[PDB]
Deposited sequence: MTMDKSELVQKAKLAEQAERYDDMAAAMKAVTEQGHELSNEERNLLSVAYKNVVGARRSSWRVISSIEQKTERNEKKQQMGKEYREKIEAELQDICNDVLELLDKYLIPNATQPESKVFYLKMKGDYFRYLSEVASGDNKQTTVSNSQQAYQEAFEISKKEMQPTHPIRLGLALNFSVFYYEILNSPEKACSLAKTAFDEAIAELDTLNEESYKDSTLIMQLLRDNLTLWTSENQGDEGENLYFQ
């Protein structure tokens, strides 16, 4: 099991649409304890995004339907999906805490993995109750904030990762904390700082930075009303 072998496996898995495999491959790769390359890193993240992304979508479907006598079936099912979603997120957080974040040597990746830790705790927050929920919401924000402090020290305002952090962190406020004024504030700031440094935009990724900028604008102009 070369690292090269595992990566081909994952690239195939991806091609085949078996994302539990693609994730298991990258989780294997990650457990060899070397800093992931950018590509290695980007697969793990895509793999896991699709894995959990299917339970999130499924959960929503089952919760939409729940909102129609012996409905304790919707509930017993929801909780199965939820239990499963919690295990995927704990995988990724164990990985982030044990390997990705400590093995991270450089701004671009330190932020990326802290954003991801924010994401996954946010995902847990969607299905969490009581004490658990307060701990989740709070570790989500705490990870988002640490990535942002570092992105502000170390990256252009136009950096896709940094823009992508602002985007996710803004939604964290809107959807999870239910603080829209803050979601907007956090987003106008991130937008305005990017549109100031327009000369910094590199043609070499201009379309990505400008993509996420339009995403940011989207949410604002929706969110104002």
{"item": "Deposited-sequence segments unaccounted for in the coordinates", "value": "1-2, 71-75, 233-245"}
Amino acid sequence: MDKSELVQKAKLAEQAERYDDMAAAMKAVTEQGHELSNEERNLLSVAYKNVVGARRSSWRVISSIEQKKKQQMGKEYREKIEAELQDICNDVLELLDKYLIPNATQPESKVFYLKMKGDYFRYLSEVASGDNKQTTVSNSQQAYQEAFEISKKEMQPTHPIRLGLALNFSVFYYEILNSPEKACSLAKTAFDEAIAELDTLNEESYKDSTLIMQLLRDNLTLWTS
From here on, numbers count along this sequence of modelled residues.
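Take the two forms, superpose them, and find the largest set of C-alpha atoms that agree within 1.5 Å; that set is the rigid core.
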| query | finding |
| --- | --- |
| Divergent stretch in 9 other deposited structures of this protein, 19-27 or 213-221 [C-alpha RMS, superposed by the core] | 213-221 |
| Stretch with greater C-alpha deviation in 9 other deposited structures of this protein, 69-77 versus 137-145 (rigid core superposition) | 69-77 |
| 70-78 versus 136-144 - greater average Cα B-factor per the deposited record | 70-78 |
| Mean C-alpha temperature factor, higher of 127-135 and 81-89 | 127-135 |
| Deposited CA B-factor, highest of 189, 45, 170, 200 | 200 |
| From 196, 166, 176, 51, residue of greatest CA B-factor | 196 |
| Residue 31 CA temperature factor, ranked by third within the chain | highest |
| B-factor third for the C-alpha atom of residue 111 within its chain | lowest |
| Residue 65 CA temperature factor, ranked by third within the chain | highest |
| Among modelled residues of the same chain, the CA temperature factor third for residue 211 | highest |
| Where the record places residue 9 (Cα B-factor, split into thirds across the chain) | middle |
